[PDB]
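The structure appears below as structure tokens.
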Amino acid sequence: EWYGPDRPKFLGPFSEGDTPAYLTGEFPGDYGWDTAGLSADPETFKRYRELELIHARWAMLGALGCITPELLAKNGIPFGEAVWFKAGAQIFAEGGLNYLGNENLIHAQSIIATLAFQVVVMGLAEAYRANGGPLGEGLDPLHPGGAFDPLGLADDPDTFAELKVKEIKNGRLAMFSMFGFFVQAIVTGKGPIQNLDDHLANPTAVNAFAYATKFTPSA
Amino acid sequence: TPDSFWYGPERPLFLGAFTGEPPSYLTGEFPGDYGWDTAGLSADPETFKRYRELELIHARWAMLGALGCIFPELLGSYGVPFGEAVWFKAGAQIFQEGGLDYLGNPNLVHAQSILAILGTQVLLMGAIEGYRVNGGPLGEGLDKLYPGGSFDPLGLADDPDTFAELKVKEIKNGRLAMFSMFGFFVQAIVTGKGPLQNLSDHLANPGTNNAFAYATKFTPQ
Amino acid sequence: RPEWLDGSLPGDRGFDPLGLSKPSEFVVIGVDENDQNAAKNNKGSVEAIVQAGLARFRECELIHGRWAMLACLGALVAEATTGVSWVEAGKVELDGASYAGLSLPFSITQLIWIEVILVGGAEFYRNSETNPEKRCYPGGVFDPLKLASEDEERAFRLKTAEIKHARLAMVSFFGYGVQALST
Ligand code: CHL
Ligand code: CHL
Ligand code: CHL
Ligand code: CLA
Ligand code: CLA
Ligand SMILES: CC1=C[C@H](O)CC(C)(C)[C@H]1/C=C/C(C)=C/C=C/C(C)=C/C=C/C=C(C)/C=C/C=C(C)/C=C/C1=C(C)C[C@H](O)CC1(C)C
Ligand SMILES: CC1=C[C@H](O)CC(C)(C)[C@H]1/C=C/C(C)=C/C=C/C(C)=C/C=C/C=C(C)/C=C/C=C(C)/C=C/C1=C(C)C[C@H](O)CC1(C)C
């Protein structure tokens with residue numbers, strides 16, 4: 001289970017006939033889904049697993065960072081804007097971007113300062129991830145460990161193989177939910193919890209089909 | 001490959017005479033080989049098998065789609081009372097008052113709920129798209145693209161000389177329909193009318209009702 | 001008790017008061033001469049005694065009962081759900097086409113053309129088979145659960161279930177025929 005041919009596939013019983021031969025079941029999250037054939041070269045397939053996991057980890061920090069200012073504005077905490085896709089505009093406000101609501105907090109004023117900080121900061125860390133450096137040199141670029149496993153959970157590879165599967169499946173949900181969040185922000189214009197609440201008001205009437213006539217062309 | 005004129009080294013190619021030598025993996029073996037792989041996307045002979053079985057499924061859906069987008073607008077011009085005869089407005093028929101009438105006829109299908117349509121479709125497509133992958137009632141172990149048997153009841157694939165000829169006709173009808181269904185997409189986004197309306201508007205005045213009428217249409221500011 | 005039955009058959013009983021499925025002998029008479037250019041024309045002689053359809057009769061009960069089981073089960077529930085008598089269908093469907101209260105778009109003239117193509121061609125394909133056990137019991141799509149892998153030729157019984165229900169469904173529709181015009 002989860003490795004070898006005992007793994008469950010992406011079509012269930014329908015994928016028993018045809019999975020790609022190179023998707024043997026020696027990597028986490030392998031359900032044998034390469035119907036486009038984009039990874040029959042194993043060097044490219046080694047590159048794509050890095051792309052999938054880094055997209056998965058940024059989507060997990062994304063889907064939590066998009067869900068937390070809305071769930072805390074529902075409690076009653078005053079925010080400049082709860083929704084994530086209007087959450088960059090607070091640095092152009094009057095008082096600037098306060099973190100929750102206070103003034104002893106961050107209190108961002110200049111967008112050129114906070115971006116040029118990020119560019120040199122993520123310029124170092126992402127280059128360290130591609131090469132190696134002050135937190136590891138010869139480590140695995142997929143899963144380094146050591147200083148990136150402080151709590152001692154990257155041990156006993158029978159339960160560390162399962163944590164690899166728990167890593168990517170939580171991520172593949174989160175990537176599908178950021179592209180979730182991306183589309184439902186464009187099509188509706190309201191927040192994802194704001195889309196969650198009015199789907200709970202009337203589920204039959206308020207769904208995705210209520211906005212199906214929106215992008216129609218008419219000149 | 002036989003001496004079938006569409007196969008092998010002396011086959012017609014996508015720049016005619018200006019094409020030179022085709023790529024080394026396009027040996028004239030599989031149908032519709034005009035030697036057009038300039039991006040090199042199918043240099044891997046395993047991805048090239050996936051792209052072949054992804055082109056033809058796109059081709060067979062777009063051949064149904066291009067016939068399926070002309071036909072309600074062609075009959076709609078001839079007085080058949082569709083709710084929306086135009087294809088890209090044909091989804092919104094479920095949202096009007098009387099529902100969705102096949103052929104504009106109220107005592108035909110009369111769909112009222114779009115969630116019943118999608119719930120039926122996911123169950124029925126998911127059963128048969130999986131049958132295309134493996135097994136199934138109409139054929140268990142067959143070819144992935146050309147299964148035949150129950151999907152060739154007229155026997156039009158018996159002669160493998162004829163069958164290799166008709167596969168070229170299938171892919172050229174398919175690539176024409178994919179290229180035209182992409183035309184349906186773009187010239188509905190740009191113009192906003194049906195493709196048979198765009199045809200009859202072009203035929204009424206080809207000098208002004210070409211695509212350069214809408215060239216300044218997406219101009220910024 | 002009859003002797004020409006009771007074996008390899010669902011209804012292994014000699015019910016016959018008259019023996020309709022009795023294999024009878026036959027004798028062939030010659031053709032009488034009718035040539036005028038002969039002086040005398042004789043009445044033909046006995047030529048050939050012939051030793052001699054239970055397979056044909058088994059098929060024909062099965063077809064009638066299965067149409068009856070579509071008829072008896074179809075007349076009780078169309079009387080229940082719709083609320084119209086089974087004899088009245090046709091008088092109310094010529095006026096307005098319906099199924100379970102849902103209006104249908106078909107003229108009554110089209111129903112003749114629909115039924116003689118669809119039901120007719122399926123009846124043209126049933127007699128396109130030349131094996132009397134396959135004519136009675138075909139395979140293929142009509143056994144989707146694959147019960148032909150089982151056996152009923154021994155004492156184990158896995159077939160005599162439609163044919164008893166075929167019998168009284170013919171009778172209960174015969175009871176519908178004695179009830180329609182009279183009562
Ligand atoms: C046998 C039943 C079964 C079926 C039908 C599926 C189906 C699917 N699984 Mg699988 N699974 C099944 C069993 C199982 N799956 C899984 C575990 C997984 C995982 C982890 C994943 C899948 C995924 C998928 C999808 C991959 C193929 C695809 O992308 O289609 C694409 C085509 C469609 C989905 C059809 C199109 C949608 C719709 C019907 C049309 C609507 C049209 C719109 C209105 C168009 C409008 C657009 C406008 C703008 C033009 C597909 C929906 C993957 C996925 O989620 O990707 C989607 C995925 O990550 N499955 C397990 C546990 C091991 C199963 C157990 O039996
Ligand atoms: C010898 C002359 C000859 C020439 C010049 C071509 C040229 C072409 N053939 Mg070939 N063929 C030729 C002979 C033959 N072809 C074929 C059989 C085929 C087939 C089956 C196919 C082709 C296709 C193609 C195209 C392939 C590459 C491409 O897409 O260009 C890319 C570059 C362009 C298309 C230039 C762009 C045109 C225009 C000037 C730009 C317009 C500018 C817009 C205003 C900008 C838009 C604005 C923005 C903002 C939106 C190309 C147009 C393929 C095709 O149709 O794909 C489209 C194709 O499927 N040919 C046969 C029979 C054997 C030939 C016989 O001699
Ligand atoms: C073949 C797949 C497919 C495509 C291309 C469409 C396309 C469309 N549907 Mg639609 N549908 C499709 C399947 C289905 N639809 C519906 C049910 C509906 C309803 C109820 C409605 C629509 C509407 C629309 C139109 C939205 C207007 C618009 O966005 O303008 C911009 C886009 C275009 C002008 C065309 C460009 C097409 C597209 C961007 C490119 C196609 C490639 C896609 C990215 C592939 C996506 C398919 C995936 C899921 C496999 C749009 C043309 C609405 C409508 O009719 O509004 C007037 C509407 O109300 N659809 C069902 C049943 C659940 C489908 C089943 O598969
Ligand atoms: C729920 C998602 C999830 C899961 C199951 C895993 C699982 C794993 N990761 Mg991955 N990872 C993830 C998300 C996840 N990771 C994300 C989002 C990042 C980016 C920050 C990373 C970055 C990362 C690195 C760099 C490394 C791992 C490693 C590991 C392994 C051991 C550590 C472990 O068991 O953590 C299990 C994790 C959990 C049970 C989640 C706990 C819940 C947290 C606290 C949620 C709260 C988030 C917090 C509020 C936001 C702060 C974010 C901040 C840290 C940036 C194991 C395969 C290490 C490894 O394999 O060593 C060889 C390793 O080197 N991961
Ligand atoms: C890619 C394939 C494709 C797709 C997705 C669509 C999608 C669509 N078509 Mg198009 N169409 C296509 C190909 C396609 N078409 C082709 C190839 C043709 C040419 C034959 C047509 C001709 C066509 C017409 C003429 C109409 C549509 C309509 C529709 C819409 C409703 C679908 C529907 O009613 O299905 C359900 C359809 C069926 C199940 C098949 C038809 C069944 C009819 C009702 C006869 C009933 C069968 C039987 C004789 C009676 C049974 C009796 C019963 C009591 C048991 C939808 C937008 C309708 C619309 O309003 O769009 C504008 C419409 O009227 N289509
Ligand atoms: C598998 C396969 C197979 C075959 O063969 C082929 C194909 C089909 C191609 C394939 C598929 C694929 C896919 C599905 C893909 C997808 C992806 C995604 C979705 C991603 C995302 C991804 C996503 C992501 C990263 C995301 C991220 C995010 C983030 C960071 C966020 C951030 C933020 C926050 C916090 C909040 C604030 O206020 C703002 C912001 C700034 C907004
Ligand atoms: C070859 C090559 C080579 C080099 O190297 C590179 C490159 C260049 C990349 C390449 C190329 C490619 C291409 C050309 C592509 C294209 C494609 C397409 C267009 C597809 C379509 C495709 C398309 C398709 C599928 C389509 C389909 C469709 C359909 C179904 C439809 C449907 C419908 C109908 C009926 C009606 C209604 O009312 C609506 C709807 C719903 C809408």
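Residue numbers begin at 1 in each chain, while the letters A, B, ... track the order of the sequences. Worth knowing before you read on, the calculation uses all heavy atoms, side chains too, and leaves out hydrogens, waters and symmetry mates. Every number for a ligand or one of its atoms is a count from 1 in the order of the listing.
- The CG atom of A/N202 sits 5.5 Å away from the OG1 atom of A/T204 when rounded to the nearest 0.5 Å.
- A heavy-atom separation below 4.0 Å is found between B/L100 and ligand 5.
- How far CG of A/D30 is from OG1 of A/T24: 6.5 Å, rounded to the nearest 0.5 Å.
- Note that atom 20 (C) of ligand 1 has protein non-hydrogen atoms nearby, at separations under 4.0 angstrom.
- In summary, the atoms of ligand 5 found under 4.0 Å from a heavy atom of B/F71, numbered by their order in the structure, are 19 (C), 22 (C), 25 (C).
- Close approach to A/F14 involves these atoms of ligand 1, each under 4.0 Å from a residue heavy atom: 1 (C).
- The shortest separation from a heavy atom of B/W87 to ligand 5 is not under 4.0 Å, leaving the residue out of contact.
- Residue A/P13 approaches ligand 1 through these ligand atoms, each under 4.0 Å from one of its heavy atoms: 1 (C).
- Between atom CD1 of residue B/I189 and atom CZ of residue B/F184 there is a gap of 13.5 Å, rounded to the nearest 0.5 Å.
- Salt bridge annotation for A/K74-A/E70: absent, with no cationic side-chain nitrogen under 4.0 angstrom from a carboxylate oxygen.
- In this structure a side-chain-to-backbone donor-acceptor pair under 3.5 Å is present from C/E93 to C/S98.
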Measure and list all N/O to N/O distances between ligand 4 and the protein that fall under 3.5 angstrom.
unit_1	atom_1	unit_2	atom_2	d
ligand 4	9 (N)	A/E167	OE2	3.2
ligand 4	11 (N)	A/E167	OE2	3.4
ligand 4	15 (N)	A/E167	OE2	3.3
ligand 4	61 (O)	A/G145	N	3.4
ligand 4	64 (O)	A/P144	N	3.3
ligand 4	64 (O)	A/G145	N	2.6
ligand 4	65 (N)	A/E167	OE2	3.2

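- The structure places NE2 of A/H199 at 8.0 Å from CG of A/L196, a figure rounded to the nearest 0.5 Å.
- B/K193 and B/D201 are not joined by a salt bridge, as no carboxylate oxygen comes within less than 4.0 angstrom of a charged side-chain nitrogen.
- Under the 4.0 angstrom criterion, atom 53 (C) of ligand 1 counts as having a protein heavy-atom contact.
- Within ligand 5, the atoms closer than 4.0 Å to a non-hydrogen atom of B/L108 are 44 (C), numbered from 1 in the order shown.
- Residue-ligand proximity: B/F82 is placed with a non-hydrogen atom under 4.0 Å from ligand 5.
- For ligand 5, the atoms sitting less than 4.0 Å from at least one non-hydrogen atom of B/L103 are 25 (C), 63 (C), 64 (O), numbered in the order shown with element in parentheses.
- Rounding to the nearest 0.5 angstrom, the gap separating the CG atom in A/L151 from the CG atom in A/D149 is 7.0 Å.
- Within a 6.0 Å sphere centred on CZ of B/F95, other residues, nucleotides and ligands contribute more than 12 heavy atoms.
- Ring geometry, A/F182 versus A/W84: the interplanar angle falls from 30° to 60°, so the pair is classed tilted.
- Here is the list of ligand 5 atoms found below 4.0 Å of a heavy atom in C/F106: 50 (C).
- Ligand 5 has a nitrogen or oxygen under 3.5 angstrom from a nitrogen or oxygen of B/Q93.
- The closest protein non-hydrogen atom to atom 40 (C) of ligand 1 is B/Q121 NE2, 4.6 Å.
- Of all non-hydrogen atoms in B/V80 and B/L103, the two that sit nearest each other are CG1-O, 3.4 Å.
- Protein atoms that are N, O or S and lie under 2.8 Å from atom 10 (Mg) of ligand 1 are these: A/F10 O.
- Contact annotation for atom 46 (C) of ligand 1: protein absent (non-hydrogen atoms, distance under 4.0 Å).
- Judged by the 6.0 Å distance and 45° axis criteria, B/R60 is positioned over the aromatic ring of B/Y146.
- Using a 4.0 Å cut-off to heavy atoms of B/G68, the atoms of ligand 5 that qualify are 11 (N), 12 (C), 13 (C), 16 (C).
- Atom 59 (O) of ligand 1 lies below 4.0 Å from at least one non-hydrogen atom of the protein.
- For the pair A/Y3 (side chain) and A/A161 (backbone), a donor-acceptor distance under 3.5 Å is present.
- Interatomic distance, OH of A/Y211 versus CD of A/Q184, reported as 11.0 Å (0.5 Å rounding).
- Within a 4.0 Å radius of atom 24 (C) of ligand 1, the protein contributes at least one heavy atom.
- Between A/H143 and A/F160, the two ring planes are perpendicular [angle over 60°; tilted spans 30° to 60°].
- Counting protein heavy atoms under 4.0 angstrom from atom 13 (C) of ligand 1 gives one or more.
- In plain terms, the two heavy atoms of A/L53 and A/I168 that are nearest each other are CD1-CD1, 4.1 Å.
- Using a 4.0 Å cutoff on heavy atoms, B/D101 counts as a contact of ligand 5.
- By the definition of a contact as any protein heavy atom under 4.0 Å away, atom 16 (C) of ligand 1 is in contact.
- Remark: ligand 5 atoms within the under-4.0 Å shell around heavy atoms of B/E84 are 62 (C).
- In this structure, atom 63 (C) of ligand 1 has protein heavy atoms in its sub-4.0 angstrom surroundings.
- A/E52 and A/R49 are not joined by a salt bridge, as no carboxylate oxygen comes within less than 4.0 angstrom of a charged side-chain nitrogen.
- Nearest protein neighbour of atom 41 (C) of ligand 1, counting heavy atoms only, is B/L118 CD1, 4.5 Å.
- Ion pairing between B/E170 and B/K167 fails under the 4.0 Å rule for side-chain N and carboxylate O.
- In terms of heavy-atom proximity, B/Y102 sits nearest to B/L108 at O-CD1, 3.3 Å.
- Between the side chain of A/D34 and the main chain of A/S39, a donor-acceptor pair closer than 3.5 Å is present.
- Given atom 28 (C) of ligand 1, the protein heavy atom at minimum distance is A/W33 CZ2, 4.4 Å.
- Nearest heavy-atom pair, A/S177 versus A/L173, reported as atom, atom and distance to 0.1 Å: OG-O, 2.7 Å.
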